[PDB]
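Presented as structure tokens, the chain that follows is alone, the form solved without this ligand.
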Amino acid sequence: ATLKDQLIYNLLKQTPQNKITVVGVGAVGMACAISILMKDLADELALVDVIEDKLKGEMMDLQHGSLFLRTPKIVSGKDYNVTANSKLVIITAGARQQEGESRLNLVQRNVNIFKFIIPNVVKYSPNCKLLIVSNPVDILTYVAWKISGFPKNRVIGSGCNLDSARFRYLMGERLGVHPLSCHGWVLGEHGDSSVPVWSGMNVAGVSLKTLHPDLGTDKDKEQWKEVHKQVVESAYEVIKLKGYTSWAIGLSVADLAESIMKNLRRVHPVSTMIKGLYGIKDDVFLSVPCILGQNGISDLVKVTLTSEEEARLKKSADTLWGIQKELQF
């Protein structure tokens, strides 16, 4: 009789209930993976990418580390059969713009990649929520939505979750207040064209615009426009100094994963289908405050925007549809 049989009497022998997949194990993917592991969101974690050596190596490195956590099942493969029955699938894979390549051609190359990834994801996890991180995130959330045929509640983009956190932080810096005691959103298109919603900014329900009506206008003696500028410059300076951004996006994605996996029903400014709002008729995605839970987006908060704020979202929607209508599925 073996040592196993002398030491252990077994009574019985199952399926995971909180499985997350990360597609793409570049810097961003693995930052998402380590952040998710350490918030203990998943009882099974699956990693998928096309370079088989690097992929298995990352799986093993995580596994060994995970001996010092609440150790989950970690699997990996180029084959999407390892992603079966995921509650949440996080897409970080994509193509980066090359010198002399047009925006249209770049998005089309991303579309062609998603035409392989998304149907494979849907085949193996038909009930999953899709969280799109790949840039440009507003367009590629649309792309994932179109190819998956999923309802709008189960297709989310990382959107302005991180930029809103940055905005809240710098707002705090101006007021001598911790970022956690500040509220305010950056909405619309992820990046340069994003909209600082001044009306919504408050500390303890005391709205900033009420006390200082010139906040965010050209006539602003305190020049709060410089805050939103610094939010945008913030991301570029990380890339200039370090080469790329990993930790910041990783922890923003983990924040969204937490709200979904633990049904927290917290508000996040994430890329969602925006048709019907702000005089937008086209099938585009932009960031508005959404309530995230176990079925993805359960509700939108209907933010009242000024004339100028509506114009900026409308302009972004036009630009995005301008590209989306030229894409070939």
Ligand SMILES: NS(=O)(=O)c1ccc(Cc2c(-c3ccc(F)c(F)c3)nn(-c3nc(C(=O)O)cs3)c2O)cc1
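Sequential numbering from 1, following the sequence displayed. Just so we're on the same page, rigid core means the largest C-alpha set that superposes within 1.5 Å between forms.
This next part talks about the form deposited with this ligand bound, which is not shown.
- At the 4.5 Å threshold, heavy atoms of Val48 reach this ligand in the deposited bound form.
- Contact check for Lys78: a non-hydrogen atom falls within 4.5 Å of this ligand in the deposited bound form.
- Although the partner is absent here, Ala93 is a contact residue: one of its heavy atoms lies within 4.5 angstroms of this ligand in the deposited bound form.
- The shortest heavy atom separation between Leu187 and this ligand in the deposited bound form exceeds 4.5 Å.
- For the options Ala84, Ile113, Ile147, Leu251, the one in contact with this ligand in the deposited bound form, meaning a heavy atom within 4.5 Å, is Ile113.
- The single contact residue among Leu130, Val195, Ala257, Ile117, judged by any heavy atom lying within 4.5 Å of this ligand in the deposited bound form, is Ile117.
- Here the two forms are overlaid on the core, and between this form and the one not shown the C-alpha of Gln98 is the only one among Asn127, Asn81, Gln98, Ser181 to shift by 2 Å or more.
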